[PDB]
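Report on the structure given below.
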Amino acid sequence: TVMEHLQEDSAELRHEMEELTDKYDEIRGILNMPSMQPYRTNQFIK
RNA sequence: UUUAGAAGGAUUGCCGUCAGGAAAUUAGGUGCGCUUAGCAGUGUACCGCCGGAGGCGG
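Numbering (the authors' numbering), first residue to last: 102 to 129, 131 to 148.
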């Protein structure tokens, strides 16, 4: 999977990555994603 | 004080045609049922008498 590639880049990705967007440094975002947090409640949660 | 509190599933319909189950057989030898006993609520409810339902004699 793409997930396992962005954990340890193998170029197999980096080769194919950098030739269509020139922006893989920004995308590699999908690594330190923020965690979901409970901040309020509504009438639809039990 | 409940994974709290809410809810229309609904209308219609052609399953059909045909057919060889079949041949063979040894269920057999034994055997202690057996002590005791009272059928009935009285064995029936009969003749009359008053008296417009309820009563009284033998």
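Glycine included, each C-beta is placed from N, C-alpha and C at the ideal position.
- Contact between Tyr125 and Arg142 is ruled out by a C-beta separation of about 36 Å, above the 8 Å threshold.
- In the three-state scheme derived from DSSP, where H, G and I count as helix and E and B as strand, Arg142 is classed as coil.
- Distance from the CA of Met138 to the CA of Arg129, rounded to the nearest whole angstrom, comes to 20 Å.
- In this model, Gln108 and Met135 are separated by some 13 Å (Cα to Cα).
- In this structure, the alpha-carbon of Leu133 lies about 18 Å from that of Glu113.
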